[PDB]
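A quick write-up on the structure given underneath.
Numbers and lists here come from the model and the stated rules, or from a named source; no laboratory read-out is quoted. FYI the Cβ positions are ideal-geometry reconstructions off the backbone, even for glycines, and counts take in every protein chain you see.
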Amino acid sequence: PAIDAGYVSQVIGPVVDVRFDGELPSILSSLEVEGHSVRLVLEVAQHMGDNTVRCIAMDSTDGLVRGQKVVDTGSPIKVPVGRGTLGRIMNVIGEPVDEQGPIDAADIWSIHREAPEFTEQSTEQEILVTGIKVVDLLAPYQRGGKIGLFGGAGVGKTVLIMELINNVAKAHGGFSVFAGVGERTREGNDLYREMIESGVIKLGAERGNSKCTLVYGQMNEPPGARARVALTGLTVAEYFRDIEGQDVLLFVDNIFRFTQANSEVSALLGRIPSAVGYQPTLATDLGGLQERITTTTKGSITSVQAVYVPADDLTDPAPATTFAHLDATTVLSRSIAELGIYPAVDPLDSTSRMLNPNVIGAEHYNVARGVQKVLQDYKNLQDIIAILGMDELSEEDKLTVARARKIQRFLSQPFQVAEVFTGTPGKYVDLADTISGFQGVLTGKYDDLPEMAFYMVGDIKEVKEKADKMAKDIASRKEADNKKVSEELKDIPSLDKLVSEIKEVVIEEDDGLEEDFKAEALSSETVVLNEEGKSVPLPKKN
Amino acid sequence: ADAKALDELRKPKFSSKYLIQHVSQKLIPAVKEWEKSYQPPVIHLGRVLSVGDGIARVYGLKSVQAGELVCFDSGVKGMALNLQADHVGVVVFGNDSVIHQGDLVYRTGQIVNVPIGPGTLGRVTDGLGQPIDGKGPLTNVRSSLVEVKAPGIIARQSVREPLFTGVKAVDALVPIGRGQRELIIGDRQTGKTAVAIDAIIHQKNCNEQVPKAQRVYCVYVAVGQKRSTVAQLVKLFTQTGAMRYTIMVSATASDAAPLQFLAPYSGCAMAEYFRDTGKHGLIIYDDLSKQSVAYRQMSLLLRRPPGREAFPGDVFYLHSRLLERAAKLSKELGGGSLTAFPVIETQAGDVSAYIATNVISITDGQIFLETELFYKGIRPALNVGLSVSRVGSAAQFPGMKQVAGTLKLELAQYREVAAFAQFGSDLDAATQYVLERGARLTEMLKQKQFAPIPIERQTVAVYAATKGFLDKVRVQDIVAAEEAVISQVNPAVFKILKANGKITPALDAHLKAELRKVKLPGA
Ligand SMILES: Nc1ncnc2c1ncn2[C@@H]1O[C@H](COP(=O)(O)OP(=O)(O)OP(=O)(O)O)[C@@H](O)[C@H]1O
Ligand SMILES: Nc1ncnc2c1ncn2[C@@H]1O[C@H](COP(=O)(O)OP(=O)(O)O)[C@@H](O)[C@H]1O
Ligand SMILES: [Mg+2]
Ligand SMILES: [Mg+2]
């Protein structure tokens, strides 16, 4: 009980130093702190050198005293994995935070492991149809690949990642894991409640028929919990890939917050900071996590990760390092969103490795490369169109600006998760309707239609449905004077009879503020503790 | 020099005691002649080793909790940030010029507290809960921690109820739900406070008309402001009667940077009294961009490595752990709520700055206040194309939701048509309907300060504008046509629209009838 039970030696925010009198814990070991108000586990990060470990708190450290007993659990953070974890919400240390009882577990896996080996990789590319036009055309997603959605605070990468949950994750037929890393807790409640009414999560005795397990380390957590909750989301996804042997969908909302939480911690671990202010170990910290999120020869993980870009800077080293770890990068722009185009996907900055004529076919590939060619040549014109206007263009170039304004609107589409605030019902567009529709605008079959008919429509059947409506409206606009339902006697009572049908409510006048409240009698003096711990008034000197 | 060689020096290895026995009889006489030169030793108390930059290094304090109130013998509070092996670094809640090296540091035994309760309502307190309005101590109150963790996923529910701002552009286009945090972001001098003050005045008008459980108790946190601005604001709340429901937490520009850093957590803890007891709070953090500058000062004076714009790495966690406490609680937790309005000042309209984009990633919507619309007299200068409220939409007034769908759309066309041709190339008759209706609705939405409008007078005024009833007036007397509308219609039509919530078809053509017998000033 004396050795292998260390004591808290110093506390600097999220970073605790524990001194062990003998047998130091290994690096990445979990350490419980005895006598804290909540369960405080500490993950050993460094051996400092004088029988001291430096460790990271997975909860708050306000309350730690410099003698507090710390027991070593002899192993890393081990979280419940299995089919019993489906339909549950876990935090970083595997505790259920959904009040549904304890998580019955097939196994309790540590959240730290190595990547699958090079002999364990699987090199197969089949497409993942998402129903999104700009995605399925220009940067198509791979069915076992890594997908990154790059965004700059309000450009739409949570709406896009909830749309992929809506489109892909129901027709997938496998298990999903949603690791929420450092995002809003309101959004964790929204997804959890909307999965219960979708039947993706089933509560009670039918819990085993759930298809999704949630791991949440949201933005109220201390930076140790947000730095490790991506790792316990993968461990749940890796059990379904390795042991259960099946196809998983991992959705990681803001994998940037993993990098940012290690950057809050790294200042206090005594490290010289790297470029912009990040950890010196940014690429290997992120690399060690991302290399675990792969498709192996035993199972598949289709990983969609939102990547926040800070201050809209794509050269920031946390977005810039992530780009190499992904098979498909969907870059969402702020200027595209200010033109009202949603999803705000930059068509000339989003990239897939599936855009290859031997993978998606030459008809799909030539449309995507032709769409990108007129959008690029239009971008080359925008300096002149701003200054000189379109009147100074060649009419060869005016056909570019006319077509590229049309496909820019046609890349946008309504979402079935955005209908609750936009009003417009959402359109799943099939891949064959995407390819044929943009091929028509490139050849010139739809230069008749105005450029606003292409805006927020499903496929090329519906731009003709919307252009007909636009033409029809410009003719019929008014002549609704009377002989409608607004007659002052048919459907309508007296106005003063409606006053009396109001149920008048009673108003209580007293504000209800002192019904249960108990007031601490605060003293007229600052109450302090003397050398013997006694509650004493503040003595009188300086 | 390893510890294997140093822990051999535990066991005695001298075998010759001719100097141990000698000085053991002369040491206590030696110390006794130097006792007026010894400060008394310190183990559970503290003694200040170094003070400067607003950080004290305190020897001793063997059993301080991390992050608890310590009290200097000068009477100043501190907070034990880092407990080190040899000292404790405390951050001084006040002026560090009154702390000396050698001063006693006393332990209060509690993590940092503010008085919360019903008796903090009405008062002007500082960043630590000590009242500065001069009218006594806080009574009918109890202490609560300022660093509570936000409620989790299962302790929350969806945002259902509307928080009426009384601002016409806000409650129509960017409507605020009742557990929702909403950023007010704009340049200097753009009406950012005026939107937050009109919300606080408006809740006073509604608390005498709701049955005690739907009462909003506002809290205004002023970080980094001038003390004359705060005193002019307390006078405005006192003369409108809004201080009966308002707490005013003030850490001004002359206060210490740890007081300005702590003041939004102090005020959030006072507003979390109403969230936790089933009531409803409204917290305003005026210049949360000034609270990050105060925290950047403390982090650089603690010699922590700066990142982008020299802000620390955890300046996101500074604001995210704060604004996450603005929640709508579930019904087993009382159903209470707290809605936040952070204010971020922007430099030259640059929304892609560091602290601005941090709070956009935290909050649920924005109210962008454009400098260019504010110079044209369109006040509140609400950038309609950029201001969002997605949590508060489908939680708004059902009558306003009927008429503002056309209002947002006719403004959506108005921005799109004005994007094409503002200078007179050629004017269509269809697009000059849009510029005639768009300038109608823009003059409709601009309202003047410190007079928030009820939501039933606000639905009717937009009903009179998205429909006909105002196309006669050009653009100029539309402000005078609104009180021509809202005073000349029968005041019973505001009572049925309030009590039903929406425009029934019985009230629909009644209100068409009252809007045809109002006399419009443009004739
Ligand atoms: N709706 C309005 N109608 C008319 N005048 C207004 C309105 N709102 C604000 N003003 C005036 O414009 C100025 C803006 O003041 P306010 O304090 O609201 O802006 P602010 O953005 O908080 O400025 P600061 O950043 O300096 O605090 C004030 O002088 C105010 O009197
Ligand atoms: N596909 C979309 N359709 C309509 N509006 C959208 C779409 N994507 C984003 N938005 C708007 O932009 C805001 C961005 O929100 P969110 O997607 O949560 O941003 P973030 O990328 O910061 O997570 C949304 O609240 C919504 O108003
Ligand atoms: Mg998001
Ligand atoms: Mg102001």
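So that you can scan it fast, the table gives a plain yes or no per residue for (1) more than 16 Å from ligand 2 (Cβ to nearest atom); (2) more than 30 Å from residue B:483 (Cα to Cα):
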| site | (1), (2) |
| --- | --- |
| B:147 | yes, yes |
| B:166 | yes, no |
| B:169 | yes, no |
| B:172 | yes, no |
| B:179 | yes, yes |
| B:182 | no, no |
| B:190 | yes, no |
| B:195 | yes, no |
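Going by the structure shown, is residue A:164 touching a residue at least 60 places away in the same chain (Cβ under 8 Å), more than 16 Å from ligand 1 (Cβ to nearest atom), crowded, with 21+ Cβ neighbours inside 10 Å and in a helix (DSSP H, G or I)?
Working: touching a residue at least 60 places away in the same chain (Cβ under 8 Å): yes; more than 16 Å from ligand 1 (Cβ to nearest atom): yes; crowded, with 21+ Cβ neighbours inside 10 Å: yes; in a helix (DSSP H, G or I): yes.
Taking the combined requirement at face value, the residue satisfies it.
Restricting the first residue to the stretch B:353-365 and requiring it to be in the same structural domain as residue B:320 (by CATH) and assigned to a helix (DSSP H, G or I), which pairs with a second residue that is within 16 Å of ligand 1 (Cβ to nearest atom) and polar (S, T, N, Q) meet a Cβ separation below 7 Å and a spacing of at least six or different chains?
Final answer for the pair search is B:355/B:289; B:355/B:292; B:356/B:346; B:360/B:366.
Of all the residues that make up the stretch B:271-294, how many are of a type outside the set (D, E, K, R) and more than 13 Å from every other protein chain (Cβ to nearest Cβ)?
Residues in the stretch B:271-294 being of a type outside the set (D, E, K, R) and more than 13 Å from every other protein chain (Cβ to nearest Cβ): 11 in total.
If the requirement is being free of Cβ contacts under 8 Å to residues at least 60 places away in the same chain and within 14 Å of chain B (Cβ to nearest Cβ), which of these qualifies: A:316, A:312? First the steps, then the outcome.
Working: A:312 fails: free of Cβ contacts under 8 Å to residues at least 60 places away in the same chain.
Residue meeting the stated conditions: A:316.
Hey, could you check the stretch B:189-207 for residues that are among the charged types (D, E, K, R) and more than 14 Å from chain A (Cβ to nearest Cβ) and say which is farthest from ligand 3 (Cβ to nearest atom)?
Per the criteria, the residue is B:198.
Report, ordered by the first and then the second residue, all pairs with beta carbons closer than 7 Å, sequence separation of six or more or different chains, a first member in the stretch A:246-272 that is within 20 Å of residue B:310 (Cβ to Cβ), and a second member that is more than 16 Å from ligand 3 (Cβ to nearest atom) and basic (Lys, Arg).
If the second residue must be more than 16 Å from ligand 3 (Cβ to nearest atom) and basic (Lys, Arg), the pairs left are A:267/B:304.
Hey, which of the strands (runs of 3 or more DSSP E) in the stretch B:76-161, taking only ones fully inside, have at least 2 residues that are aliphatic (A, V, I, L, M)?
Filter on the stretch B:76-161 gives B:77-83, B:87-93, B:104-111, B:113-116.
Being more than 8 Å from chain A (Cβ to nearest Cβ), surrounded by fewer than 23 Cβ atoms within 10 Å (Cβ to Cβ) and at negative phi: is that true of residue B:147 here?
no
Collect the residues in the stretch A:168-194 that are under 22 Å from residue A:226 (Cα atoms), within 16 Å of ligand 3 (Cβ to nearest atom) and not small (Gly, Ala, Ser), keeping them in residue-number order.
Within the stretch A:168-194, A:178, A:181, A:183, A:184, A:185, A:186, A:187, A:189, A:190, A:191, A:192 meet the criteria.
Taking residue B:292 as meeting all but one of (1) over 27 Å from residue B:441 (Cβ atoms); (2) within 16 Å of ligand 3 (Cβ to nearest atom); (3) in contact (Cβ under 8 Å) with a residue 24 or more places away in the chain, write down the number of the exception.
(2)
Scan the stretch B:293-332 residue by residue and report those that are assigned to a helix (DSSP H, G or I) and surrounded by fewer than 17 Cβ atoms within 10 Å (Cβ to Cβ). Walk me through how you get there before you give the answer.
Going through the stretch B:293-332, the residues assigned to a helix (DSSP H, G or I) turn out to be B:293-301, B:308-310, B:315-323, B:331-332.
Residues satisfying the conditions are B:300, B:301, B:309, B:310, B:331, B:332.
Which of the following residues is in contact (Cβ under 8 Å) with a residue 12 or more places away in the chain and part of a loop (DSSP other than H, G, I, E, B): A:131, A:148? Before you say what the answer is, go through the steps one by one.
Details: A:148 fails: part of a loop (DSSP other than H, G, I, E, B).
Within the list A:131, A:148, the selection yields A:131.
Could you tell me whether residue A:147 is surrounded by fewer than 24 Cβ atoms within 10 Å (Cβ to Cβ), closer than 22 Å to residue A:289 by Cβ and within 16 Å of ligand 2 (Cβ to nearest atom)? Can you show your working first?
Numbers: surrounded by fewer than 24 Cβ atoms within 10 Å (Cβ to Cβ): no; closer than 22 Å to residue A:289 by Cβ: yes; within 16 Å of ligand 2 (Cβ to nearest atom): yes.
Judged against the criteria, residue A:147 is not a match.
Within the stretch A:412-431, take every residue that is more than 12 Å from ligand 2 (Cβ to nearest atom) and part of a loop (DSSP other than H, G, I, E, B) and give me the one that is surrounded by the fewest Cβ atoms within 10 Å (Cβ to Cβ).
Within the stretch A:412-431, the subset more than 12 Å from ligand 2 (Cβ to nearest atom) is A:425, A:428-431.
Keeping just the survivors that are part of a loop (DSSP other than H, G, I, E, B) gives A:425, A:428-430.
Details: A:425: 11, A:428: 17, A:429: 21, A:430: 13.
If we take residues in the stretch A:412-431 being more than 12 Å from ligand 2 (Cβ to nearest atom) and part of a loop (DSSP other than H, G, I, E, B), then A:425 is surrounded by the fewest Cβ atoms within 10 Å (Cβ to Cβ).
So which residues in the stretch A:220-261 are closer than 14 Å to residue A:14 by Cβ, charged (D, E, K, R) and away from chain B (no Cβ under 11 Å), if there are any at all?
Listed by number, the list holds a single entry, A:228.
Quick check: is even one residue across the stretch A:15-38 closer than 19 Å to residue A:263 by Cβ and assigned to a strand (DSSP E or B)?
yes
Whether any residue in the stretch A:205-219 is away from ligand 3 (no atom under 16 Å from the Cβ), closer than 29 Å to residue A:136 by Cα and within 12 Å of chain B (Cβ to nearest Cβ) is what I want to check.
Yes, that holds for at least one residue.
Please determine, by comparing only the residues of the stretch B:476-494 that are exposed (fewer than 15 other Cβ atoms within 10 Å of the Cβ) and free of Cβ contacts under 8 Å to residues at least 24 places away in the same chain, which one is nearest to the other protein chains (Cβ to nearest Cβ).
Residue satisfying both the conditions and the ranking: B:491.
Considering only residues that are under 18 Å from the mean Cα position of the chain (by Cα) and surrounded by fewer than 21 Cβ atoms within 10 Å (Cβ to Cβ), look in the stretch B:122-144 and name the one that is nearest to the other protein chains (Cβ to nearest Cβ).
Here the answer is B:122.
All but one of (1) surrounded by fewer than 18 Cβ atoms within 10 Å (Cβ to Cβ); (2) outside any loop (DSSP other than H, G, I, E, B); (3) of a type in the set (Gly, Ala, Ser) hold for residue A:45; state the number of the condition that does not hold.
Among (1) surrounded by fewer than 18 Cβ atoms within 10 Å (Cβ to Cβ); (2) outside any loop (DSSP other than H, G, I, E, B); (3) of a type in the set (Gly, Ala, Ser), the lone unmet condition for residue A:45 is (1).
Can you confirm whether the stretch A:260-268 contains a residue that is under 15 Å from the mean Cα position of the chain (by Cα) and at negative phi?
Yes, because at least one residue in the stretch A:260-268 is under 15 Å from the mean Cα position of the chain (by Cα) and at negative phi.
Assigned to a strand (DSSP E or B) and either touching a residue at least 24 places away in the same chain (Cβ under 8 Å) or not assigned by CATH to the domain that holds residue A:108 (or both): does that describe residue A:229?
Against the criterion (assigned to a strand (DSSP E or B) and either touching a residue at least 24 places away in the same chain (Cβ under 8 Å) or not assigned by CATH to the domain that holds residue A:108 (or both)), residue A:229 does not qualify.
Can you find even one residue in the stretch B:366-388 that is of a type in the set (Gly, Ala, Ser), under 16 Å from residue A:187 (Cα atoms) and under 19 Å from the mean Cα position of the chain (by Cα)?
Narrowing the stretch B:366-388 to residues of a type in the set (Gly, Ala, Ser): B:377, B:381, B:385, B:387.
Still in the list and also under 16 Å from residue A:187 (Cα atoms): none.
No, the stretch B:366-388 contains no residue that is of a type in the set (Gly, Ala, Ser), under 16 Å from residue A:187 (Cα atoms) and under 19 Å from the mean Cα position of the chain (by Cα).
May I ask you to verify whether residue B:119 is within 10 Å of chain A (Cβ to nearest Cβ), surrounded by fewer than 18 Cβ atoms within 10 Å (Cβ to Cβ) and either under 30 Å from residue A:517 (Cβ atoms) or free of Cβ contacts under 8 Å to residues at least 24 places away in the same chain (or both)?
Working: within 10 Å of chain A (Cβ to nearest Cβ): yes; surrounded by fewer than 18 Cβ atoms within 10 Å (Cβ to Cβ): no; either under 30 Å from residue A:517 (Cβ atoms) or free of Cβ contacts under 8 Å to residues at least 24 places away in the same chain (or both): yes.
It is false that residue B:119 is within 10 Å of chain A (Cβ to nearest Cβ), surrounded by fewer than 18 Cβ atoms within 10 Å (Cβ to Cβ) and either under 30 Å from residue A:517 (Cβ atoms) or free of Cβ contacts under 8 Å to residues at least 24 places away in the same chain (or both).
If you check every pair at least six apart or on different chains, which have Cβ atoms under 8 Å apart with a residue in the stretch A:172-198 that is within 12 Å of chain B (Cβ to nearest Cβ) first and a residue that is acidic (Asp, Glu) and within 11 Å of ligand 3 (Cβ to nearest atom) second?
A:178/A:253; A:180/A:187; A:180/A:253; A:183/A:253; A:184/B:364; A:186/B:364; A:187/A:253
Among the numbered criteria (1) within 16 Å of ligand 3 (Cβ to nearest atom); (2) away from chain A (no Cβ under 11 Å), which single criterion is violated by residue B:165?
(1)
Check the stretch A:389-408 and report whether any residue there is within 16 Å of ligand 2 (Cβ to nearest atom), closer than 18 Å to residue A:442 by Cα and in contact with a helix residue (DSSP H, G or I) (Cβ under 9 Å, 6 or more places away or on another chain).
yes
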